[PDB]
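Structure 1 and structure 2 below are the same protein chain in two forms, each given by itself as structure tokens.
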Structure 1
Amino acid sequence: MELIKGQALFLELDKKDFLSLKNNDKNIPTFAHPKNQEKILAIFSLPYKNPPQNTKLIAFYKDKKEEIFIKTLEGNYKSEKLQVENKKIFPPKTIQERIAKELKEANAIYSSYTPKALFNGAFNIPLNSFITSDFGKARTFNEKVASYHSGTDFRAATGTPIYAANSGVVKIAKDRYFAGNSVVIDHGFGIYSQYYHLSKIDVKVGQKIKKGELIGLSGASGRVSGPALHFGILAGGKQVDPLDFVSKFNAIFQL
């Protein structure tokens, strides 16, 4: 198989006699196929930065091993150079401390795996406008990816209502240094939707949210150049192409 970096892929495996699915030592979780009682699914994602050329995954059964080979692909992401870089411009300590705490908090959440579906059907798009900045916009240096765009931005004037893309549990609902007013929902199975740069948060941590419920209002808060809604999906442990993911997910799960 093949896969563009920063994308997720839904793997299908036989349910019967299945023990585990592994990428080296790291285990990869499995969930039931919705339309086929004899199958299970697993999500595999390639990081945007520094992917391997190739992945070999092993599905272990009672009676056999099934190898799965996945070649990384570069894709057609847009990319610009940078002309200066090295141990430069950090913030004040209590601000580094803020940056550090929030990273830790976020990583704890994205590491967590809720082993049931908190979603309800297909993902919807969080609002009905148009993309102004695509997933995977890179910035490069030493021919390496210095940074990339880890979600997709939708055009939004300040104050535009923003609806949960699917059902779930709110894990984050506060102001953060980079993302600004942030909401993050757990949908189950390590799948997380992200809504950043809001002007107003209308949910709180722990709250169960349904698909199409209002989570807040768009803004320009946090590290961003203007008002816009930033939409992200983390799955299989990584940030991946949100519209690509949604499209893959809904292929399997649409009710």
Structure 2
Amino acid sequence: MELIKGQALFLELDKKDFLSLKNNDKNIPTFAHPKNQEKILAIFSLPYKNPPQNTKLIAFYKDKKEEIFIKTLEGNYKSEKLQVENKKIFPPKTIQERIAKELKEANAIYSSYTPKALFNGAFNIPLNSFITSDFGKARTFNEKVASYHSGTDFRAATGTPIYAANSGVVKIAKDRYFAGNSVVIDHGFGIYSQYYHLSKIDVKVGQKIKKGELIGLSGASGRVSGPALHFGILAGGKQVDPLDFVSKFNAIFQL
């Protein structure tokens, strides 16, 4: 198969006599294919930065092993050369400390696999706007990828209402350094949706939240380049293209 870097892929597999699905010694969780009962699903993601050229998964069954080969494609992401080498930058310890802590808090949350569906049918776009800045917009020195846009930015003046893309449980609901006023929702199966740079947070941590229910107001917090919404999806342990994901997810889980 072929998968563009920074995208997710729903794998279909026979349920009967299935034992495990592996990427070398790392396990990959599985879940019910909701319409077809003889099948199960797993989410596989390739990182945008530094993906392997090829990947080989193994679906072990009681009676046989089934291999899956996935070729890593490059896609057609927008990309600009960097003038100045990125290098190490030297923030104050006070900030270093905050970042490093908020990172730990994030990694703990994103490696807390919920093995049931908390969602309710398809995802909807968090607001009825348009994309100002695409996912995957990269900045490169020597065609090595230094950074990229980990989400997608919608047009939103400060105070534009934002709605949960799908049902779930709120895991983050506070101001953070890079993300500004962040909200992150666990939808189950390692699928998290992200809403950043809010001007206002209207939810707590631990709160069960309905699809289309209000989670906050768009803003510009922690954002250099003005008011907007930054929407993100983490799935199969990686930041991925949110619209591409939504479209694949919905194709399967449509109400």
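FYI, numbering is relative to structure 1, first residue = 1. Shifts are known only where both forms have a C-alpha. Under this definition, the rigid core comprises the largest set of C-alpha atoms superposing within 1.5 Å between the forms.
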property: Single mover in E80, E74, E85, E97, with Cα shift of 2 Å or more between the two structures when the core is superposed; result: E85
property: Displacement in Å of the C-alpha of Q37 between the two structures, rigid core kept as reference; result: 1.0
property: Per-residue Cα shift, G190, between the two structures [Å; core superposed]; result: 0.2
property: Superposed on the rigid core, segments between the two structures of at least 3 residues with Cα shifts of 2 Å or more; result: 83-90
